[PDB]
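First to last, the sequence lines map onto chains H, V, S, Z, U and E.
Converting from the first sequence to our numbering requires adding 131 to each position, the first position being numbered 1.
Converting from the second sequence to our numbering requires adding 371 to each position, the first position being numbered 1.
Converting from the third sequence to our numbering requires adding 921 to each position, the first position being numbered 1.
Converting from the fourth sequence to our numbering requires adding 454 to each position, the first position being numbered 1.
Converting from the fifth sequence to our numbering requires adding 1 to each position, the first position being numbered 1.
Converting from the sixth sequence to our numbering requires adding 7 to each position, the first position being numbered 1.
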Amino acid sequence: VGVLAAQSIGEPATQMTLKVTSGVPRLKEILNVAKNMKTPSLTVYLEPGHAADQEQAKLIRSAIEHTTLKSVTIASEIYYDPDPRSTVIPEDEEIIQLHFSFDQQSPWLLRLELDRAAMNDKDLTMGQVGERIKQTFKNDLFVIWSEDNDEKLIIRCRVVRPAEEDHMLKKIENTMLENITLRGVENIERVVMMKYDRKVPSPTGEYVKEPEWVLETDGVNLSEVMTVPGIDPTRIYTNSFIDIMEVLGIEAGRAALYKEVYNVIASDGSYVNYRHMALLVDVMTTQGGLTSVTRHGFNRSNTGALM
Amino acid sequence: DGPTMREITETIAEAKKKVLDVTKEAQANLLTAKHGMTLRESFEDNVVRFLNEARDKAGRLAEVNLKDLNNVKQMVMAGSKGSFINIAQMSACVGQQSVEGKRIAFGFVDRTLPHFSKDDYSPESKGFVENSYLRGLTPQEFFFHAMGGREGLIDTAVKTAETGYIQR
Amino acid sequence: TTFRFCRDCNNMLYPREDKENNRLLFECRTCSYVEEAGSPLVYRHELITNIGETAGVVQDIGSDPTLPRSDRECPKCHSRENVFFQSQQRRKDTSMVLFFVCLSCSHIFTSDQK
Amino acid sequence: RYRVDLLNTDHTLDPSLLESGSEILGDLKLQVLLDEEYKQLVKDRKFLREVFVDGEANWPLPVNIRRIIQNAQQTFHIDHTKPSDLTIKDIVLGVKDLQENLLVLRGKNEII
Amino acid sequence: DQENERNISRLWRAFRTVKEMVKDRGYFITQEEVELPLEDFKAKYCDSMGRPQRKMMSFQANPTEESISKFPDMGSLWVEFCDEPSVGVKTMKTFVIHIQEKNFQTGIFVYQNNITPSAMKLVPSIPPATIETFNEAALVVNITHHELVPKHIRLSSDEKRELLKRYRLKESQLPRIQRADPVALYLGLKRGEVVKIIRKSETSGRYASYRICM
Amino acid sequence: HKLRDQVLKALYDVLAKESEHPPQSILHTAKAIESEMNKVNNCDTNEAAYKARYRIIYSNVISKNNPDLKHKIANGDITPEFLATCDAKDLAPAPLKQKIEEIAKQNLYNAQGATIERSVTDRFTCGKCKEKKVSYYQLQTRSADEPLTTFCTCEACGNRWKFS
Ligand SMILES: [Mg+2]
Ligand SMILES: [Zn+2]
Ligand SMILES: [Zn+2]
Ligand SMILES: [Zn+2]
């Protein structure tokens, strides 16, 4: 049976073709894992209580997508404001008297400028990002900000001090730009939502292509995306089956793997029978863990030295 | 047949008209800027969609004209050889040539091939073989056809070795 | 945000601060020449750039053959000859803007329809 | 398609399908047999609907029935007039007898 | 709201998962109990305004009559929820001593965050009592309710021996399963145990298989 | 009480700074104190959200754009509602509001991504559904001696098959 299955999988891999990886290289990766991504996508299904609420779907997107200051910063400039309690810049006076209604700071103003669209696309009012960096340090940085209702969005910050301040401010703002998370889980990038459908049982006992919205990504993580609210934790799914195996146990691992291999070999030239594919999956998973057929993977088993 | 050929010609002509209209809209900087895609991506998608629809419509027109005594029709509805796309390409239109999804890129700076002025996107300049195997190809279209075939050959020549190794 | 060099020795002045009068002393580091700057702006980043679409306008564009020709009029001289070409700043997210330059008035004008 | 009533009115058989169909219209014993068979069928329906969650009905399976019953018809000359001499008890016993005489695993223990 | 509501809901769902952990492990818990609503949970476990008190939130549990009827030897289990984000060596030492004093053999311990190795070097102490560790992050979502995970059930030693004698294997030709597997940790089984696996096949519908936890 | 009197001082300052200098000074400081009590009806110096709402209302009064809000609060805008608004996005001013909805609409458009749509024909029938909504593609996969692949894609149910 094994040789039969091997040939029946091998020959229609010869007449098969060559965004997303597919074809021969994807088959090589998933048959030869090689925990490398090249498309680490994972489909996310919403809670059924939110069937079609686009605002809800966007809200989950804003909860899930990783963002730093790169996502929100338009402009950064530096300033020498000598007065610790008044502004050389004409516009930043109302902000001063807002935050004035604790002195020993360098007179070296750092200024930021954001995009309103890039804030409220993700429902980040700038108030919590101001207090976010405020609680990020609380020890070294005055952080002063605008109202969300202004026509220009600026963050005022100075270093408190108990010479040379230019390059320290440069390094500090570099760190500010790079490392401050705002919301969302890391390793998740720009996420899009499609309008799928599903042959759901009809209430009168038939089938209907009832549509619903799905969240789709371009990164991979599992230990957190299951934990976000408003999600279906049951039907989540990822292409990168190694992570599926790690989080869900190798039964779900081999099921996902079979799904993946069937997807690849049925993108064209379908179909082979099920039992051959199942046998390949099982002999590749019958060790408690994933075992690529490499020069070493299955080869370094307690098996006959001659073969 | 003559009238069917004339209809094929005017079909391709109105497809070209649609393409030109889109190019004018794009060059006038008002476009919908299709979601999930960049401006030029939307433009390319629209034009490729239009050209392939044109080819399909023309091929259908030729096939439904074609007589029941036509022997290539006899074989193609008789199973064994040939195809709808084979009939279409032999008689009506070849269609847009391809180099991995995108059509033929500007290898020369700003142009596809040194017989046109710079910065065109009209389909004949970037590689739509409007013509048909009966009438033969204008030499630029001949070159683009050579491109597509070469792509197929090299893809075969690599996939065979890799699939042999993985089979073993 | 531009650089001012020391006139006494061609090296750019560096920002350094008055410790007591609180002024922007652009001082030379090579020699001891010092200079008072004009604005408290020193460093400048521009995390988003969107400029360069009209690059390389030389005085004799019309001498090239490979540029196409059209029939719009220059809205300074109304000559019916002109030369147009794609935006120069080749990014993946630029536009289909056409920039028309006429040989008569030697003047550039676009065709934006916002 | 499947539900049969032998004592009620709406799903009553036409009695000309079987010559002994009129007199059995009313037997509680055959009604019980049909009802439990129908319950078996609906349990199977629920089970299939939970295993093939989409609802695809075409599937790879062993030996085809349709050709067999078709050539059974074309061999033994079914007609449009003669009521069949099949009896309900005979049908529902024969299906279970075949059900068990199918054999893939030989053995004697509980696990097998 | 800020993080209080997320903390409350996460703790609530983790409680749900631990309750069903214990239920399918074979210790009787009322069916109503596992869907205890969040506001009732907070009403049970709010001290002053929004703070949950995990120290008293733990609970004891007892094997079912049925699980005793098959498995002759399970004492009462006991769960724990320390409140420190770290893990204190003396805190867990008191915990393990309390397990020893109360005569318990299975001790469920849940940590907010990391455990110092000094507070986990003596976890494998006092056999036959066993100590098990869990993150709330690992317990915020029940793993088994994912639809790719099939049903898992446990084998008694007797029927395992019966299985070996029937299929004529010897104890090593079974397919394996890791100790560090998520479903293995969910069931809490140890070395040398066999898990029957029922999964929804596509060529016969329902199909059986077994694994060994080696 | 220091925060109480500070908020009161700020409120008296911003209403005295209004273009309508109110001769009803006791009435407007009554407005100020009643806004103080309805403001502290949220937390009363127990949470920083009280300060945050204070920042919101204080800077909305200041902003200019808009100035007319000063007269509108002086002549109306009953402040116990304005504890419980949290509606800064729907005030001060309307043009910025309209800007906000058009920004949100464009963001929602840009969220949802690629929607390639599979141009069809009507000649073949589905392998499973058996209806004619069939869509295709062309390319050749194997070696040169044979033609294209003639890929198929049903759209009545989504089926895929192939023809030689
Ligand atoms: Mg061996
Ligand atoms: Zn100098
Ligand atoms: Zn002009
Ligand atoms: Zn179909």
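Cβ atoms here follow ideal geometry from the backbone N, Cα and C, with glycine treated the same way.
### Under 8 Å from the C-beta of Z/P514: neighbouring residues of chain H
What you label residue 514 of chain Z is simply residue 60 of the fourth sequence in a count that begins at 1. Near Z/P514 (Cβ distances below 8 Å), the residues of chain H are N404, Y405.
### Query
Can you name, in chain order, every residue of its own chain whose Cβ lies under 8 Å from the Cβ of V/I379, other than the five neighbours on each side?
Counting from one through the second sequence, the residue named residue 379 of chain V turns up at place 8. Cβ neighbours of V/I379 beyond the five flanking positions: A429, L432, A433, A463, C464.
### Query
Within this structure, are the beta carbons of H/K390 and E/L115 separated by less than 9 Å?
Translated into the one-based positions of the first sequence, residue 390 of chain H becomes position 259. Translated into the one-based positions of the sixth sequence, residue 115 of chain E becomes position 108. Against a cut-off of 9 Å, the Cβ pair of E/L115 and H/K390 comes out as no contact.
### Query
Quick one: which chain Z residues come within Cβ less than 7 Å of U/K152?
Indexing the fifth sequence from 1 puts residue 152 of chain U at position 151. Those within 7 Å of U/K152 in chain Z number zero; the least Cβ separation is about 13 Å.
### Query
What is the DSSP secondary structure of V/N436, counted as helix, strand or coil?
Position 65 of the second sequence, counted from the first residue, corresponds to residue 436 of chain V. Helix.
### Query
Given that a residue counts as buried once 16 or more other Cβ atoms are within 10 Å of its Cβ, and exposed if not, what is H/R385?
Counting from 1 along the first sequence, the entry for residue 385 of chain H is found at position 254. Label assigned to H/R385: buried.
### Query
H/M147 CB to nearest chain V CB: under 9 Å?
Taking the first sequence and counting its residues from 1, the one referred to as residue 147 of chain H is at position 16. Chain V, which has a Cβ nearer than 9 Å to the Cβ of H/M147, makes this yes.
### Message
Strictly under 9 Å for the Cβ-Cβ distance: is E/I123 near chain V by that measure?
### Response
By one-based count along the sixth sequence, residue 123 of chain E stands at place 116. Yes, contact with chain V.
### Query
With which residues is H/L177 paired in a DSSP beta bridge?
For the purposes of this step, residue 177 of chain H is identified with residue 46 of the first sequence, where counting begins at 1. H/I362.
### Query
Could you give the residue range of the alpha helix (DSSP H) that holds H/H407?
What you label residue 407 of chain H is simply residue 276 of the first sequence in a count that begins at 1. Looking at the DSSP string, the run of the alpha helix (DSSP H) that includes H/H407 is 405 to 416.
### Task
Can you pull the chain E residues whose beta carbon is under 7 Å from the beta carbon of V/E512, in chain order?
Taking the first residue of the second sequence as 1, we reach residue 512 of chain V at position 141. Ordered by position in chain E, no residue passes the 7 Å Cβ test against V/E512, which lies about 17 Å from the chain.
### Task
On the DSSP bridge assignment, give the partners of S/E938 in chain order.
Indexing the third sequence from 1 puts residue 938 of chain S at position 17. Bridge partners of S/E938: S/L945.
### Task
Measuring alpha carbon to alpha carbon, tell me which of E/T157, E/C164, E/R60 ends up nearest E/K135.
Residue numbering aside, residue 135 of chain E sits at position 128 when the sixth sequence is read from its first letter. Comparing Cα-Cα distances from E/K135 to each of E/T157, E/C164, E/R60, the minimum goes to E/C164.
#### Entry: Whole-Å CB distance - H/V175 paired with H/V345, under 8 Å assumed
Taking the first residue of the first sequence as position 1, residue 175 of chain H is located at position 44. Taking the first residue of the first sequence as position 1, residue 345 of chain H is located at position 214. About 7 Å; that satisfies the 8 Å criterion.
### Query
Say the cut is 8 Å; is the CB of H/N430 nearer than that to a heavy atom of ligand 1?
Numbered from 1 along the first sequence, position 299 holds the residue referred to as residue 430 of chain H. Outside the cutoff, so no.
### Message
Tell me whether the segment 273 to 290 of chain H and the segment 211 to 226 of chain H touch, counting them as touching only if at least three CB pairs, one residue from each stretch, are closer than 8 Å.
### Response
yes
### Three-pair Cβ contact test at 8 Å for the segment 999 to 1008 of chain S versus the segment 1016 to 1032 of chain S
yes
### Message
Three Cβ pairs or more, each shorter than 8 Å: is that satisfied between the segment 116 to 128 of chain U and the segment 353 to 369 of chain H?
### Response
no
### Of the residues Z/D459, Z/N563, Z/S470, Z/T463, the one placed nearest Z/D539, counting alpha carbons only
For the purposes of this step, residue 539 of chain Z is identified with residue 85 of the fourth sequence, where counting begins at 1. Considering only alpha carbons, the answer is Z/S470.
### Task
Please list, in chain order, all residues with a C-beta atom less than 6 Å from at least one heavy atom of ligand 2.
S/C927, S/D929, S/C930, S/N932, S/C949, S/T951, S/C952, S/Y954
### Task
Check whether the segment 477 to 488 of chain Z touches the segment 181 to 194 of chain U, counting contact only when three or more Cβ pairs, one atom from each stretch, lie closer than 8 Å.
no
### Query
Is the beta carbon of H/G350 sitting closer than 9 Å to the one on U/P176?
Counting from one through the first sequence, the residue named residue 350 of chain H turns up at place 219. Counting from one through the fifth sequence, the residue named residue 176 of chain U turns up at place 175. Taking 9 Å as the Cβ cut-off, H/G350 and U/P176 do not qualify as a contacting pair.
### Task
Examine chain V for any beta-carbon lying closer than 9 Å to the beta-carbon of E/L15, and answer yes or no.
Within the sixth sequence, the letter at position 8 stands for residue 15 of chain E. It does not: the Cβ of E/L15 has no partner Cβ on chain V nearer than 9 Å.
#### Entry: N- and C-terminal bounds of the beta strand (DSSP E) containing U/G108
Stepping through the fifth sequence from its first residue, residue 108 of chain U is reached at position 107. 107 to 112 is the span of the beta strand (DSSP E), which, as asked, contains U/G108.
### Query
Under a CB-based cut-off of 9 Å, is S/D992 close to chain V?
Taking the first residue of the third sequence as 1, we reach residue 992 of chain S at position 71. Taking Cβ atoms only, chain V never reaches closer than 9 Å to S/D992, which makes this a no.
### Query
Cβ of H/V291 less than 9 Å from any chain V Cβ?
As a first step, residue 291 of chain H is located in the first sequence; it is residue number 160 there, counting from the start. So no, H/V291 is outside the interface.
### Task
Give, in chain order, every residue of the segment 395 to 417 of chain V whose Cβ lies closer than 8 Å to some Cβ of chain H.
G407
### Under 9 Å between C-beta atoms of H/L243 and H/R289
Taking the first residue of the first sequence as position 1, residue 243 of chain H is located at position 112. Taking the first residue of the first sequence as position 1, residue 289 of chain H is located at position 158. It is not a contact, given that the beta carbons lie outside the stated cut-off.
### Task
For H/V345, name the three-state secondary structure that DSSP assigns.
Sequence index remark: in the first sequence, residue 345 of chain H carries index 214 (1-based). Strand.
### Message
List, in chain order, every chain H residue whose beta-carbon is nearer than 8 Å to that of U/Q179.
### Response
Working through the fifth sequence from its first residue, we reach residue 179 of chain U at position 178. Per Cβ cutoff of 8 Å: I381, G419, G420.
### Of the listed residues H/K253, H/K265, H/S202, H/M324, nearest to H/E343 (C-alpha basis)
In the first sequence, counting from the first residue as 1, residue 343 of chain H sits at position 212. Checking every option, the nearest Cα to that of H/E343 belongs to H/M324.
#### Entry: Beta-carbon separation (whole angstroms), H/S202 vs H/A249, contact threshold 8 Å
Working through the first sequence from its first residue, we reach residue 202 of chain H at position 71. Working through the first sequence from its first residue, we reach residue 249 of chain H at position 118. Confirmed, Cβ separation roughly 6 Å.
### Query
How would you label U/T145, buried or exposed, when you count the other beta carbons within 10 angstroms and need 16 or more for buried?
For the purposes of this step, residue 145 of chain U is taken as the residue at position 144 of the fifth sequence. Its Cβ being crowded by 16 or more others within 10 Å, U/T145 is buried.
### Query
Taking 9 Å as the CB-CB limit, is Z/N563 close to chain U?
Working through the fourth sequence from its first residue, we reach residue 563 of chain Z at position 109. Yes, Z/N563 counts as interfacial toward chain U.
### Task
Measuring only between beta-carbons, confirm whether H/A206 sits less than 9 Å from chain E.
Counting from one through the first sequence, the residue named residue 206 of chain H turns up at place 75. Not an interface residue.
### Task
Please go through the segment 160 to 218 of chain H and give each complete beta strand (DSSP E) segment of 3 or more residues, from N-terminal end onward.
173 to 176, 204 to 211
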